[PDB]
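# Structural characterization, general
What follows is the residue order along each chain.
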Amino acid sequence: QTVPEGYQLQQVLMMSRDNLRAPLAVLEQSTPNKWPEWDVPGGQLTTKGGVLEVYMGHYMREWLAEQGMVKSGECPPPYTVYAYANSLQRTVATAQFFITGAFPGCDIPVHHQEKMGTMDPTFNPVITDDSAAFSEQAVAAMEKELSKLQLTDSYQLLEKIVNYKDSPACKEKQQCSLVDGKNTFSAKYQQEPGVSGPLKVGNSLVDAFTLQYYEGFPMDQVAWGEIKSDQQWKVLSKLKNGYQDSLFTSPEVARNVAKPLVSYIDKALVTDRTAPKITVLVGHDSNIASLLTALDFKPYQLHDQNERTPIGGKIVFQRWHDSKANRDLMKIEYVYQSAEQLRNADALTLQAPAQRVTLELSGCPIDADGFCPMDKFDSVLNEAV
Amino acid sequence: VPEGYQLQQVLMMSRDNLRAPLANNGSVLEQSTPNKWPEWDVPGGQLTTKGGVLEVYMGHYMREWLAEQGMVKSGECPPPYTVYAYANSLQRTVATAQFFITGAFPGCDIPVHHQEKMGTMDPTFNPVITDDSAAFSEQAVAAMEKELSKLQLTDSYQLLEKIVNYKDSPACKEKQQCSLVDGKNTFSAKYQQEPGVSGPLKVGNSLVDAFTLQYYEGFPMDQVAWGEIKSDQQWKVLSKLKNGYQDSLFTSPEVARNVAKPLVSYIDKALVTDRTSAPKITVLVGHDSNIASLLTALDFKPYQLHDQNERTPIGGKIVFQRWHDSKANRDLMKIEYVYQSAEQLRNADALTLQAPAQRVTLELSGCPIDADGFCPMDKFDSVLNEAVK
Ligand SMILES: [Zn+2]
């Protein structure tokens, strides 16, 4: 929040993911209960998700205006803001809501490749190394990452919540447990790192419950009212976070699958002394997770949030101009909404701000004010490519 | 919807959503009271973020309703030239259109059309007088004075003076006007300008409009008119000024039929056409003046919105619907006012088919409505073609 004297914000790039969506229904076979209905088809952005993106867009507009990047009440000059989303409905819609919330009444288009419904290679977290050595090390890293996690209590709580014993996947079986199930990881070329087993089942169930919570469903219709404490949410979130960490937090997988994004960021921020002053990239949680590991971010902890890359969350890269020393500096923040802010659709203003956490690259150590030298930042980006 | 009816074309007449009041130093709002107006997150005259959110909810509801009637396939973007969005070239109207379109068709490439000169009025949405004859100006002012004479606003003026502390206001400290009950109103009906009024009518309308917008924005109750509005009857008494302001300016048939002539002309062209590659869904975003003049020009029957103290509310939209009777091979017209209640506006409630927006079936005097809210298409175009003439 503190800006040293003489510092002028010059450039900003935001790495974002799709907002609150309808789950793509594992969900039916894992429970006898009836899942509550959604207003939108599965995989599409919900109206609440668009509203949450609008609020975040307005806050980002207020913050940018406070730092002199754009003038509040006037549309920025043409080509000042560049919005780029993956060619999926939820990513394009997320970008549209954010841009309209940030610059209502301006003519700022959301760029995307023509083939809608297909992944854009820039946002496609697929493996591009076809060598056998890569796949062996990648799978080993995923299993090593999963080995650190203790998910037995999470599986037990999930089985109790969904009544797993009476589910279609359990009939004809005397004992039916996800605790003893085996997880098999995959690291195939031109495909995303995946996993089969109880990890995927638990991730899908807890993700569905998380989306129900943020959507604003009555509490008795969120996991059928079975989640009764914050600790239970924390125990269940281990499954979602463990799924994400195993697949995209291993450094071997992350440096390969996130290569197009790091290349785009290095091109758009470092070797871009030309022009886009505000860049908004709308991808997926996988892109953010792999990017965080690829750039060797230090570990961080979000407040009032049990996810690592939650909806509405954005990684804001900020190039600042130190006027006294005539040098550029880099400051990176995670600007996100708390669980309460998401569920309640709280308005975000400078007085009632979104949550902010200063991030740090292992290669770009931050000072007491969260800034690090721009040359070390470009060095890290060039070493990652 | 009777069996065999297929919705073929839809035009929605809308206004700008919740905006920030213009309360600078020289403003009517500042001069009318000594109290401090609560500050807004947006510059004056700009659309508020909550207002955009309200349009988003209304946009999603309209998408759900349109899908329910088979106009568009839910979750899929309509063909390119299917949706045409056209707004007045102002920030609040264009932003309102952008929020509605994104809420209705998230992820589609549907642009909001507007003339290039932003900050200036679009002739289609500009309710200015296009008749330069003096006789027209004479009759226009006479009709406005006659319409206002019918209204009883004494209790409204007194309550407003008490609420705003008008006696200690700048408009009385330095301008020598100090009462809204005894104040004089002067109407204007000049060529190439909007019908206007000066006096307590304009002051009261601006003050009550600010209080209503404060309510919809979600300000704490003590910051809505400084906490002085304490009952729904007081809201009704204050709303009398706003309704009287709108009626005096735009309920004269001559003035309304003239200032709204470009808008009625567009609606008649965009609705009666069954042409190839024509837009099936039209969204026109103007101002409450446009809706008021349109209501009088087409000779709408009186209507009552419920759970709403306004006649042309912020979120409300007039949805013209051309339906095709497949059994009888005839076209029919059904007009509805789709709006949000005051609670829905203030609370920013989501609008779904399960929890819908408010709907009221409207009726044209020249197109009598049947038991199902439909009227024949030929009578509707007849009314429209006579109004454009
Ligand atoms: Zn570089």
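Residues numbered from 1 in each chain as written, not as in the entry; some residues may be left out. Chains lettered and ligands numbered in written order. Heavy atoms only, no water. Residues with missing side-chain atoms left out of burial classes, pairs and counts.

For this coordinate set, the PDB header names X-ray crystallography as the determination method and states a resolution of 2.5000470685 Å.

Stated formally: UniProt positions are given in the numbering used here, feature names are shortened, and annotations may be inferred rather than shown by experiment.
Named according to the PDB entry, chain B is Glucose-1-phosphatase originating from Escherichia coli. UniProt's Catalytic activity comment on chain B is quoted here verbatim: "alpha-D-glucose 1-phosphate + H2O = D-glucose + phosphate". Looking at chain B in UniProt, the text filed under Subunit is "Homodimer."

The name recorded for chain A in the PDB entry is Glucose-1-phosphatase, from Escherichia coli. You can read under Catalytic activity in the UniProt record for chain A the words "alpha-D-glucose 1-phosphate + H2O = D-glucose + phosphate".

### Thoughts on the pattern of salt bridges
Applied cut-off: When a carboxyl oxygen of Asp or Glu is within 4 Å of a side-chain nitrogen of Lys or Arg, the pair counts as a salt bridge. Only DSSP runs of H or I covering at least 4 residues are called helices, and only runs of E covering at least 2 are called strands; the numbering of each starts at the N terminus.
A salt bridge links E55 of chain B to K317 of chain B, with the shortest nitrogen-to-oxygen separation between them at 2.5 Å. In this pair, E55 of chain B is assigned in helix α2 (residues 49–68) and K317 of chain B in strand β7 (residues 317–325), connecting sequence segments 262 residues apart. Across the pair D325 of chain B and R330 of chain B runs a salt bridge whose closest N-O atoms are separated by 3.2 Å. Counted as one network, the salt bridges with shared partners bring together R17, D18 and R90 of chain A.

### Observations concerning the packing of aromatic side chains
For clarity, the cut-off: When two rings of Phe, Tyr or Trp (its six-membered ring) have centres within 6.5 Å they constitute a pair, described as stacked for plane angles under 30 degrees, edge-to-face for angles over 60, and tilted for the intermediate range. We call a charge positioned over a ring when the NZ of a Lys or the CZ of an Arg lies within 6 Å of the ring centre and within 35 degrees of the ring normal.
Here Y86 of chain B and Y266 of chain B contribute two aromatic rings whose centre-to-centre distance is 5.7 Å and whose plane-to-plane angle is 55 degrees, an arrangement assigned as tilted. One end of the pair, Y86 of chain B, is in strand β2 (residues 83–87); the other, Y266 of chain B, is in helix α10 (residues 261–272), and 180 residues separate them in sequence. Three or more aromatic residues joined by ring pairs make a cluster, and in this case those are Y82, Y84, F123 and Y264 of chain A. Over the face of the ring belonging to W63 of chain A we find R356 of chain A, whose NZ or CZ atom lies 4.6 Å from the ring centre.

### Observations regarding the domain arrangement of chain B
All names here are of chain B. Put simply, the rule is: Domain segmentation is taken from an automatic or database assignment of domains. For this classification, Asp, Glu, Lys and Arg are treated as charged, while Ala, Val, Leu, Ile, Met, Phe, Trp, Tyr, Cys and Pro are nonpolar and the rest, including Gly, are polar.
Looking at chain B, the domain boundaries give domain 1 (1–19 + 47–130 + 251–389) and domain 2 (20–46 + 131–250). The C-alpha centroid of domain 2 is placed 27 Å from the C-alpha centroid of domain 1. When its residues are assigned to classes, the side of domain 1 that touches domain 2 shows 13 nonpolar, 14 polar and nine charged.

### A closer look at the environment of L298 of chain B
Residues and elements named next belong to chain B. We apply this condition: Whether two residues touch is decided by their heavy atoms; if any such pair falls within 4.5 Å, the residues are in contact.
The topology assignment puts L298 in the loop between α11 (288–297) and β7. Sequence separation of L298 and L364 is 66 residues, and the distance between their C-alpha atoms is 6.8 Å. Those residues in contact with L298, other than ones at most four positions away along the chain, are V264, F320, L364, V383, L384 and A387.

### Observations concerning the interface of chain B and chain A
Contacts between chain B and chain A engage 24 residues on the former and 25 residues on the latter. Counting only elements with at least two residues in the side of chain B that touches chain A, the list comes to α2 and α3 (91–104) of chain B. Per-element tally for the side of chain B that touches chain A: the top contributor is α3 of chain B, with seven residues. Here the residues of the side of chain B that touches chain A are counted per class, giving eleven nonpolar, eleven polar and two charged.

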